[PDB]
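Top to bottom, those sequences are chains A and B. Just so we're aligned: the first sequence equals residues 206 to 266, 275 to 477 in the entry's author numbering. Its first residue numbered 686, the second sequence is counted upward by one per residue in the entry's author numbering. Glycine included, every Cβ here is placed at the ideal spot set by N, Cα and C. Encoded as structure tokens, the structure appears first; notes follow it.
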Amino acid sequence: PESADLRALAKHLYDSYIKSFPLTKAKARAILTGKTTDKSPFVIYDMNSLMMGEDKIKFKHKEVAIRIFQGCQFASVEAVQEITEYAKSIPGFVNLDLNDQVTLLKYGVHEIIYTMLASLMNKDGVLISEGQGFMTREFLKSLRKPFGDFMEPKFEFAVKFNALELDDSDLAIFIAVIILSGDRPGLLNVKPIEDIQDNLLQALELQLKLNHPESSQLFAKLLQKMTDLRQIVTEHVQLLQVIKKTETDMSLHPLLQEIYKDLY
Amino acid sequence: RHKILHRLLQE
Ligand SMILES: Cc1ccc(NC(=O)c2ccc(CN3CCN(C)CC3)cc2)cc1Nc1nccc(-c2cccnc2)n1
């Protein structure tokens, strides 16, 4: 039936997800429990460990808070490219209006970054540089303001979100559902977007049944978190309004500028 | 406006 077309969708999306993103939640969780036979991540808990850790972290090439925040930017910019490549794999996404493609990504990417960033997070800290590093939550709190407050809400959201014990195959459709948001400010031709999202939501529903109990209630939980996201995305962009003025010295990445342009 | 986004999409 059409219940077969939905498993095809979920499996096509999952394959795009594996290929588009370097590190799956599967591996990320393995690393975070030491359970992996792979080498341990260099643990960063203070400036000393950061300065010793420059070795095992994808380099950049002057203040530690600003240097750490500068690390997030390059990671975010790589994520936007991985997310943009994945969106292109969502059946009918590239057939949409190229202005609507830009709009869906503009608003979608930070919500998906935070969804996927939870995969790398526990209460104690965050896997960075594709699992080669582990930056502690306490250390990130210890940064001078406004940089101290930069990643706490992401930690807060991740501990709630990780509750739902979703898998990669759940996350592939979920993030596809987040991109295909009909209600994004500035969208020209909504109904084609809203059509696709209905398809993805059916596939998400089916996927969640075949993998979890209290499915409608999980599926329900998972669609309210989808607004917990827009919250922390709004909160995040205000903190960057703060940082753009209060820290005139440090510059923002041109791609991160294209996105935050007229955002909330 | 949105030059790099356009580039990455049409890429
Ligand atoms: C401090 C921090 C917080 C978060 C992140 N990472 C991200 O923001 C991020 C978000 C989403 C993804 C997407 N990813 C794909 C899918 N997998 C399952 C989940 C997530 C990847 C990274 C990096 C960092 N820090 C970081 N990362 C790399 C390098 C450096 C760094 C630090 C100091 C000097 N030079 C470099 N610092």
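Under 8 Å from the C-beta of residue i: neighbouring residues of chain B
| i | result |
| --- | --- |
| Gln314 of chain A | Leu694 |
| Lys319 of chain A | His687 and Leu690 |
| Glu471 of chain A | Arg686, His687, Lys688, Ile689 and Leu690 |
| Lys224 of chain A | Going along chain B, no residue has its Cβ under 8 Å from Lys224 of chain A, so there is no contact; the nearest lies around 16 Å. |
Contacts around residue i, its chain only, beta-carbon distance under 7 Å, and the 5 residues preceding and following it disregarded
| i | result |
| --- | --- |
| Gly399 of chain A | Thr316 |
| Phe352 of chain A | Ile249, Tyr250 and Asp251 |
| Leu453 of chain A | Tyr473 |
| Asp337 of chain A | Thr349 and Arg350 |
| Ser464 of chain A | none |
| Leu377 of chain A | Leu431, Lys434 and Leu435 |
Rounded straight-line distance, which links the Cα of residue j to that of residue i
| i | j | result |
| --- | --- | --- |
| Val248 of chain A | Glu365 of chain A | 18 Å |
| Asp362 of chain A | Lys354 of chain A | 6 Å |
| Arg686 of chain B | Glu471 of chain A | 7 Å |
| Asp396 of chain A | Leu468 of chain A | 23 Å |
| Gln314 of chain A | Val307 of chain A | 7 Å |
| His425 of chain A | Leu431 of chain A | 8 Å |
| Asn253 of chain A | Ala278 of chain A | 13 Å |
| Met257 of chain A | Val293 of chain A | 29 Å |
| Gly239 of chain A | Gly344 of chain A | 11 Å |
| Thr241 of chain A | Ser221 of chain A | 24 Å |
| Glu324 of chain A | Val446 of chain A | 6 Å |
| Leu218 of chain A | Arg212 of chain A | 10 Å |
| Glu295 of chain A | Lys301 of chain A | 10 Å |
| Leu694 of chain B | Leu413 of chain A | 21 Å |
| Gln420 of chain A | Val322 of chain A | 23 Å |
| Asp475 of chain A | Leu318 of chain A | 14 Å |
N- and C-terminal bounds of the alpha helix (DSSP H) containing residue i
| i | result |
| --- | --- |
| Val390 of chain A | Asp381 to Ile392 |
| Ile303 of chain A | Taken as a continuous stretch (DSSP letters only), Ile303 of chain A belongs to no alpha helix (DSSP H), as it is neither H nor E. |
| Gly321 of chain A | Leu311 to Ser332 |
| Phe368 of chain A | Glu365 to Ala376 |
| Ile249 of chain A | Looking at the DSSP string, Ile249 of chain A is not in any alpha helix (DSSP H); the run it does join, the beta strand (DSSP E), is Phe247 to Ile249. |
| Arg234 of chain A | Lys230 to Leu237 |
| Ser428 of chain A | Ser428 to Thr459 |
| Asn402 of chain A | Neither: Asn402 of chain A is in no alpha helix (DSSP H) and is coded neither H nor E. |
| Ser464 of chain A | No alpha helix (DSSP H) holds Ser464 of chain A; DSSP gives it neither H nor E. |
| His691 of chain B | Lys688 to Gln695 |
Where residue i meets chain B, residues with beta-carbon distance less than 9 Å
| i | result |
| --- | --- |
| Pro304 of chain A | Within 9 Å Cβ-Cβ: nothing; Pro304 of chain A doesn't reach chain B, min ~16 Å. |
| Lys474 of chain A | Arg686 and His687 |
| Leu311 of chain A | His691, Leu694 and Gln695 |
| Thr229 of chain A | Near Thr229 of chain A there are no residues of chain B at all, since even the closest Cβ is about 22 Å away, more than 9 Å. |
| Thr297 of chain A | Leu690, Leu693, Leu694 and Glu696 |
Residues of its chain near residue i, where Cβ-Cβ distance is below 8 Å and the 5 sequence neighbours each way are ignored
| i | result |
| --- | --- |
| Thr328 of chain A | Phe374, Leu384, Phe387, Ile388, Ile391 and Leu442 |
| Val290 of chain A | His466, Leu468 and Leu469 |
| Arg357 of chain A | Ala278 |
| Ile262 of chain A | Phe247, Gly284, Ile341, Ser342, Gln345 and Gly346 |
| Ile303 of chain A | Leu218, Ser221, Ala389, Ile392, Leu393, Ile409 and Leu413 |
Terminal residues of the beta strand (DSSP E) in which residue i lies
| i | result |
| --- | --- |
| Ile341 of chain A | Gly338 to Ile341 |
| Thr349 of chain A | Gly346 to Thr349 |
Residue i: contacting residues in chain B (beta-carbon distance under 7 Å)
| i | result |
| --- | --- |
| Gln294 of chain A | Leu693 |
| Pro467 of chain A | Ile689 |
Close-in-space but distant-in-sequence residues of the same chain around residue i (CB under 6 Å, 5 per side omitted)
| i | result |
| --- | --- |
| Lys230 of chain A | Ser332 and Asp381 |
| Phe360 of chain A | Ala278 and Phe282 |
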